[PDB]
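S.K.: Protein chains in written order, with the UniProt record's numbering: chain A, 60 to 426; chain B, 60 to 420; chain C, 1477 to 1505; chain D, 2 to 92.
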Amino acid sequence: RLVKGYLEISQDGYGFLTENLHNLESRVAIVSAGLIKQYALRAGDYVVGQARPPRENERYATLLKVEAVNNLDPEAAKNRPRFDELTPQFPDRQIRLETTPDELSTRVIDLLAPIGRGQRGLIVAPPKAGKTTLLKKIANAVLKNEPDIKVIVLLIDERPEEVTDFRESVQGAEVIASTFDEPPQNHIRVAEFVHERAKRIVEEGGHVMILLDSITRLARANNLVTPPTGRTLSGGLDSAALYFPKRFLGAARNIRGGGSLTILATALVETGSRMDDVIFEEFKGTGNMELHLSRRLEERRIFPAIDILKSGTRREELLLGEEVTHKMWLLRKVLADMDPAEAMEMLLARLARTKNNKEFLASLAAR
Amino acid sequence: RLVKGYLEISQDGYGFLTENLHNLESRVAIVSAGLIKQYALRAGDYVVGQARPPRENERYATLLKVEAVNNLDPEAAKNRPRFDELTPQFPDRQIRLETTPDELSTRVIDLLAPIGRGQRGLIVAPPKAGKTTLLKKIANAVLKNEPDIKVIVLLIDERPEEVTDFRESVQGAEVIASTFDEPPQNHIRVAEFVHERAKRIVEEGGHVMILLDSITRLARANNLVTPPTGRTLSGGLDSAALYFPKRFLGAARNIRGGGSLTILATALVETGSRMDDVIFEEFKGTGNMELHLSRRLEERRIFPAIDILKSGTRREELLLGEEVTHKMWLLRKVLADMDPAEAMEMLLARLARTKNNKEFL
Amino acid sequence: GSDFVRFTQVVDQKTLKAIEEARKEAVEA
Amino acid sequence: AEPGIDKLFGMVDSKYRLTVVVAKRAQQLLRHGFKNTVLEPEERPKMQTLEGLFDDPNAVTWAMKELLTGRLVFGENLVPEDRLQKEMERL
Ligand SMILES: Nc1ncnc2c1ncn2[C@@H]1O[C@H](COP(=O)(O)OP(=O)(O)O)[C@@H](O)[C@H]1O
Ligand SMILES: Nc1ncnc2c1ncn2[C@@H]1O[C@H](COP(=O)(O)OP(=O)(O)O)[C@@H](O)[C@H]1O
Ligand SMILES: [Mg+2]
Ligand SMILES: [Mg+2]
């Protein structure tokens, strides 16, 4: 008999193989610590191997023989540089954001806070104010412009109807979600398992896109799950709880050795809580991009309701030309003159006339 | 068999020899407590010695004899003043900065924050606020104007891509790093280990330029380091967290006996956290220079995004000659007036006209 | 102020060639 | 006067079109600065005491001297008007 699934190294050093539901189930295979050291496998590894049914007194099948790991021939898994030893880089392969159904939104996103492979940015917005729908839009645009990249989206602490709608509108792309109905322990477990799985995939020099909903709700779920941490920070925050989200987010990077890891997460902001804004602050110094959406702009039904002024990236020249960089300088001058709601109204008038390539070059003429 | 590197005396009375990897390596060699006593050696000293391979059941190489310490014989090393009693003065040896790539930024620096050997300066701004590549610029300018000075850069709690980038783009100068990915203990180890090597290096009458990234992000990382350290101050700080950072930063000084130790570090402020701001003021009372950077400038992509008004030195005359001090006296009586944004563009244009002295010329 | 001449877009030949190049590449492929 | 006004009138149907074209060119020259000219290399206007007509003594004459060349094209709707007319006024 044969078994297949994702490695889930528990605290006792044994593993579980999940299905499409991606939590604890029963068709799991136990991989001995000897086997783990033999193939140098870490959790989240895509293991496929011959394993007879669980023997007498045995509740889960034991992986007698491994054949395919990381979709490939297993010597690579054992003989590969460790993730931490990979040489990082700045993002250099920007992702062209040219989608027809909503040209305005993705055009603005790219022209203002361009995104490349290995980007670590944050969409930062109050709740019920445009994070999820825009995440869906950019996910579809990525699925159209970069079919090569393994695109993965995680939804945390979210409404089940949104989950269903998106998974219907994901067009089969790997959509994993965690509704608010689920206990936060499940939330943390699934998020971490996705973390190591993506880590393994990048370890195979792969480009991994992760789109996370509710990074702030993620931090809150960690704080709930994190039982002590001792010192309680300003506003009731766990100090060391963030490190698991901090490890989770800082893992995103541009690696010089092939592949990439780009993660974009939804930040809830001006929610009136010191916890939320503070956590925004710690994760702000970790990310290379912030795209702010304002409550009142969304209130005026203007979409996208981007807070243009403070949104930006680092090392634009590493994704843009000096021509592009200087045109961006000039445009940001114009917009720093130009008031936010006013900015959106007149820019939506201005830019709709030409599509992302049409707009891109006709505007490099104009802007 | 020559063993080389920096001495890291372990806590158990024996020692280690660390290498250019700038962390805990396995190239370590044992320096027992008795050896410490009889050579009176300090850790971190530039050690070149003879050692022997580890024996059976023994895991780390054991030292045979010491030959070179800080490129000097041990006999002179036994006879040298320790750092604590060294007489400090105020900085006296300024550094001219007109660099061909961006003479504007360095010119603003010279006019506002003249830099002298042994200076304890500072630059303050929120996260993602114009610090690191400016540090790059000043480091490069130093690499030309003062190639003699041993220039060292420390990175704490930052993104690895920035680490690598500055690594190649510093042109081989001494760059040390500790990303936020790393556990806090490595942060502390690297930071204090750099501190102590610099202590010994200046101890030999050397001029040492320390480019510390993120002094107050270091403070936040130290709060993360801080397991308790005392009683809760406002904002979540405790009592004795600062002392190791304070002993770390206050070490910057101009010494009368030769050499210098100029440390420039970047401060994060205005983060909406009482902790961070309070650290800003409490280290403000420690440094001899602060360079403010406001965010309205940077949201406008105006660079260098310097809050010129808030910045100012201590004891200009002590570093700047009476003629030079008098001319900057007149100039500060002149340049104090103009209003922030219009100040930015008109001062930028004025320095874009000619070089600082050329402007005076 | 007459609408027949009230607004009359003005552009130089080189930016005209840039915008028209954007027009011909606007028809992709 | 100005270089060949008869040629100017011949090459437009109605004079008010000519006036609006020349003045919109002048406004473009002012906003972008005189870098966005299309007669730069050799033939530039010149003052008497010095070469002051290189930068900006009079933009209207600059525009008219520009238009005598074939480097200027004007039309009722040659470009999407909304984009230009809503970027013009904020810089
Ligand atoms: N591009 C858009 N156009 C129109 N309405 C939008 C758009 N984006 C978001 N919305 C509105 O905002 C809601 C999404 O809010 P969301 O960002 O999901 O909040 P959160 O992500 O914090 O749960 C949608 O249900 C819709 O009502
Ligand atoms: N002199 C400069 N000119 C323009 N941009 C700069 C300059 N110095 C730094 N920056 C930008 O500002 C950002 C701040 O760098 P860093 O100190 O790492 O961020 P923070 O301290 O805010 O966490 C950098 O990403 C860099 O792109
Ligand atoms: Mg939502
Ligand atoms: Mg930075």
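Virtual Cβ for every residue (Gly too), placed ideally from N, Cα, C.
Given that a residue counts as buried once 16 or more other Cβ atoms are within 10 Å of its Cβ, and exposed if not, what is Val61(D)?
M.R.: It counts as exposed.
S.K.: Within its chain, find whatever has a CB closer than 8 Å to the CB of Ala280(A); leave out the 5 residues flanking it on each side and keep chain order.
M.R.: Contacts found: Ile215, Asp216, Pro243, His246 and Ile247.
S.K.: Output needed in chain order: residues of the segment 301-318 of chain B with a Cβ under 7 Å from some Cβ in chain F.
M.R.: Going by chain labels, chain F is absent from the structure shown, which instead holds the protein chains A, B, C and D.
S.K.: Who are the near neighbours of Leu170(B) in its chain, counting only those whose CB is closer than 7 Å to its CB and skipping five residues on each side?
M.R.: Cβ neighbours of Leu170(B) beyond the five flanking positions: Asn415.
S.K.: Taking 9 Å as the threshold (C-beta atoms), are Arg111(B) and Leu123(B) in contact?
M.R.: Going by C-beta atoms, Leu123(B) is nearer than 9 Å to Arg111(B).
S.K.: Quick check on DSSP: helix, strand or coil for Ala280(A)?
M.R.: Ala280(A) falls in the helix class under three-state DSSP.
S.K.: Of all the alpha helix (DSSP H) runs that stay within the bounds of the segment 331-409 of chain A, which reach a length of 4 or more residues?
M.R.: Fully enclosed alpha helix (DSSP H) runs of 4 or longer: 333-343, 354-358 and 381-396.
S.K.: Which two residues bound the contiguous beta strand (DSSP E) that contains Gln29(D)?
M.R.: Run containing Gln29(D): none in the beta strand (DSSP E); it sits in the alpha helix (DSSP H), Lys16 to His33.
S.K.: Can you find a C-beta in chain B that's less than 9 Å from the C-beta of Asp169(A)?
M.R.: No, because no Cβ of chain B sits closer than 9 Å to the Cβ of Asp169(A).
S.K.: Rounding to the nearest angstrom, what Cα-Cα distance links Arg333(B) and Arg333(A) in this structure?
M.R.: Their backbone Cα atoms lie some 11 Å apart in a straight line.
S.K.: What does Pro147(B) pair with, by DSSP beta-bridge criteria?
M.R.: DSSP output for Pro147(B) lists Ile314(B) as bridge partner(s).
S.K.: Taking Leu51(D) as the query, report the chain C residues whose CB atoms sit under 9 Å from its CB, ordered along the chain.
M.R.: Within 9 Å Cβ-Cβ: nothing; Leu51(D) doesn't reach chain C, min ~27 Å.
S.K.: To which residues of the same chain is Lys258(A) closer than 7 Å at the C-beta, ignoring the five residues directly before and after it?
M.R.: Within the same chain, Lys258(A) has close Cβ partners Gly103, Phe142 and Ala310.
S.K.: Answer yes or no: does any C-beta atom of chain C fall closer than 9 Å to that of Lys25(D)?
M.R.: Chain C contact via Cβ: present.
S.K.: Taking 8 Å as the threshold, find out whether the segment 299-317 of chain A comes into contact with the segment 251-267 of chain A through three or more Cβ pairs.
M.R.: Touching, yes.
S.K.: Flag this pair as yes or no: are the beta carbons of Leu350(A) and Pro399(A) separated by less than 9 Å?
M.R.: Result no, Cβ atoms of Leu350(A) and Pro399(A) do not sit closer than 9 Å.
S.K.: Measuring only between beta-carbons, confirm whether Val1503(C) sits less than 9 Å from chain D.
M.R.: No, because no Cβ of chain D sits closer than 9 Å to the Cβ of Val1503(C).
S.K.: Can you tell me whether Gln178(A) is buried or exposed? The criterion is at least 16 other CB atoms within 10 Å of its CB, across all chains shown.
M.R.: That one is buried.
S.K.: Give me the residue from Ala127(A), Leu100(A) and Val201(A) with the minimum Cα distance to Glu157(A).
M.R.: Checking every option, the nearest Cα to that of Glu157(A) belongs to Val201(A).
S.K.: Take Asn130(B) and list the residues in its own chain whose beta-carbon comes closer than 7 Å to its own, dropping the five residues that flank it on each side.
M.R.: So the list reads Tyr105, once near-sequence residues are dropped.
S.K.: Considering only heavy atoms of ligand 2 and the C-beta of each residue, which residues fall inside 7 Å, strictly closer?
M.R.: Those residues, listed in chain order, are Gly344(A), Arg373(A), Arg374(A), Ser164(B), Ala184(B), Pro185(B), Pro186(B), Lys187(B), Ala188(B), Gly189(B), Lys190(B), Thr191(B), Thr192(B), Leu193(B), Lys196(B), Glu217(B), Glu221(B), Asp272(B), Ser273(B), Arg276(B), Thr325(B), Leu327(B), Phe362(B) and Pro363(B).
S.K.: Mapping the DSSP letters down to three states, classify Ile197(A) as helix, strand or coil.
M.R.: Helix.
S.K.: DSSP has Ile211(B) in a bridge; who is on the other side?
M.R.: In the DSSP output, where bridge partners are listed per residue, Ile211(B) has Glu233(B) and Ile269(B).
S.K.: Measuring straight from C-alpha to C-alpha, what distance separates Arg218(B) and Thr38(D)?
M.R.: Straight-line Cα distance between these residues: approximately 45 Å.
S.K.: Between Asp240(A) and ligand 1, is the CB less than 8 Å from at least one heavy atom?
M.R.: No, ligand 1 has no heavy atom inside 8 Å of this Cβ.
S.K.: Less than 9 Å between the beta carbons of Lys8(D) and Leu69(D), yes or no?
M.R.: Against a cut-off of 9 Å, the Cβ pair of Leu69(D) and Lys8(D) comes out as a contact.
S.K.: Check distances from the C-beta atoms of the segment 230-246 of chain B to those of chain A and list, in chain order, the residues that come in under 8 Å.
M.R.: Within the segment 230-246 of chain B, the residues whose Cβ lies closer than 8 Å to some Cβ of chain A are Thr238, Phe239 and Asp240, listed in chain order.
S.K.: Exposed or buried, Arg306(B), counting other C-beta atoms within 10 Å across all chains shown (16 or more means buried)?
M.R.: Exposed, since its Cβ has fewer than 16 Cβ neighbours within 10 Å.
S.K.: So, using beta-carbon positions, are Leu379(A) and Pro147(A) closer together than 9 Å?
M.R.: Contact flag unset, no.
S.K.: Could you give the DSSP three-state label for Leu68(D): helix, strand or coil?
M.R.: Looking at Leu68(D) - three-state DSSP - the assignment turns out to be helix.
S.K.: Taking just the CA atoms, how far does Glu251(B) sit from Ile361(A)?
M.R.: Spanning the two alpha carbons is a distance of roughly 52 Å.
S.K.: With DSSP run on the structure shown, which of helix, strand or coil describes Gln153(A)?
M.R.: Note: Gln153(A) maps to strand in three-state DSSP.
S.K.: Quick check on DSSP: helix, strand or coil for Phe75(B)?
M.R.: Note: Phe75(B) maps to strand in three-state DSSP.
S.K.: Find the residues of chain B that neighbour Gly264(A), judging by a C-beta separation of less than 9 Å, and give them in chain order.
M.R.: Result: empty, since nearest Cβ-Cβ is about 17 Å, beyond 9 Å.
S.K.: In or out: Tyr302(A) buried (at least 16 other Cβ within 10 Å) or exposed?
M.R.: With 16 or more other Cβ atoms within 10 Å, it is buried.
S.K.: Just tell me which of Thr413(B), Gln230(B), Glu404(B) and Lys96(B) has its CA closest to the CA of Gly72(B).
M.R.: With distances taken between Cα atoms, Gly72(B) lies closest to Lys96(B).
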